[PDB]
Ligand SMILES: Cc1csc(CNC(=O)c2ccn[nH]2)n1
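Coming up is one lone chain in structure tokens, specifically the form deposited without the named molecule.
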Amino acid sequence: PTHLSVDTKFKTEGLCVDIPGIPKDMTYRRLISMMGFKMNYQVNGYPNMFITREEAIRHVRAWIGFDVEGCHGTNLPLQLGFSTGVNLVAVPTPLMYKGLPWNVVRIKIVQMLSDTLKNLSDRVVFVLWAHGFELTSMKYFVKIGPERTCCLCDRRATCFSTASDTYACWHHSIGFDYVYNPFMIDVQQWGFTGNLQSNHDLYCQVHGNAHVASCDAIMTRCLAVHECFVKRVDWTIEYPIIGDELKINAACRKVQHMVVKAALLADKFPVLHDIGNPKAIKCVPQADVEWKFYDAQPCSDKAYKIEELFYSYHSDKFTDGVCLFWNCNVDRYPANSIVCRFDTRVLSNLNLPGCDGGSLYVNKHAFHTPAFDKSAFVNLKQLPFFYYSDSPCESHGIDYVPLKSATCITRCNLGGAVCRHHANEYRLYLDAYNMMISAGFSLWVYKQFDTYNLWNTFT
């Protein structure tokens, strides 16, 4: 069940206008052969250019939508589009480049895929809505063969140079001319009615169709992400560590405790309504409050309507005390809320472009997140940075400069000289806070919140 059998059937109706006469009866084996590659009954970790829906989902970080459009087949120029927004024109002799032979076009393709993917993935998955010219164009920029390692590292080979006769990974690929052992999946095999634009536009208003290869490449990947991550969700799939996943996750846990602890000391709510993760624990275990939990999974399509979360008849009175939405994305938080909300517009190696202004946040798990919406926070304000500790001032066991800060809310600062312990803890908490913010999370609080109210929790 692991890899896609080359003897699996491929539906060819999508191909039959670019490739008139194509047999209705077709295997991957016969297709790969038609595309001009040979698999030489090779047991060597590359059983099939094509992959399963499941294998594609495990390798979502590798997805590059790919589309070719006739400009005028061997006679005519081809427009090559990628979900990066790039259009190359190959001649057989948004970004829109003029006509150039394959021997240069293939160099740009390696550069582009290398720069896009070296910090995402060990491979490429071309995501297709196949009509034929994209499949027949692959021979011009792709070599296949046994799985290999980089010449300069232990990462698997994704590129090949005919100049030096060597293999590189995405990190070491500079001056290479061929994509080596790519993967591909044809979305059109998944059983849709009607064309790409009609299927994409059911779900997504944010990507248009200018009738250029890059636009279709983008719609193809977007529709795929919609199918695999919006409509269908799988929180039982792991994904490897490629960045600061672990620091960001730790940071998030530290800020959550800090902000909620300070909220209860400052405003002394008798009840907290904790709306979201059904595995959640009390983030402030010692706090005095009545802690009531409401279960909701991450919304991956549209933000939850607060009408549905709350009404339809709990503590019922969610106007009593404070509401904690920790990555529980709604359309409009009530005024008595503490909110963490992911900003889908953030550029990072963890956040992949998604469907209808949403983004795909891949950190241990994959979480499609609805489009960041400023209007959601109208009853709240941005939560200002601050560090609060009631821990004793006592070093124990990190070279020093005396810390001066208005936002270091401690006994020692109240007494006008921050102790070394609270200065180390403060500087750590600020780093965590910046990690978390710069990872795209944004924090919001009820308007009455005032760090001034914390200073009398020491007297």
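In case it trips you up, residue 1 is the first one in the sequence shown, and so on.
The same protein has a further form, the form deposited with the named molecule bound, not shown here; the description that follows concerns it.
| Result of superposing the named molecule in the deposited bound form onto shown chain, 2.4 Å backbone or C-beta criterion | Blocked, since after superposition 3 or more atoms of the placed ligand lie within 2.4 Å of the backbone or C-beta atoms.
| said: Give me the residue from 71, 378, 202, 152 that has a heavy atom within 4.5 Å of the named molecule in the deposited bound form. | reply: Selected option: 71.
| task | Give a yes/no on whether residue 79 approaches the named molecule to within 4.5 Å in the deposited bound form, heavy atoms considered. | result | Judged by the heavy-atom cut-off of 4.5 Å, residue 79 is in contact with the named molecule in the deposited bound form.
| According to a 4.5 angstroms non-hydrogen atom cut-off, is residue 383 in contact with the named molecule in the deposited bound form? | Outside the cut-off, so no.
| residue 213: touches the named molecule in the deposited bound form, heavy atom cutoff 4.5 angstroms | Although the named molecule is absent here, residue 213 would touch it in the deposited bound form, with heavy atoms inside 4.5 Å.
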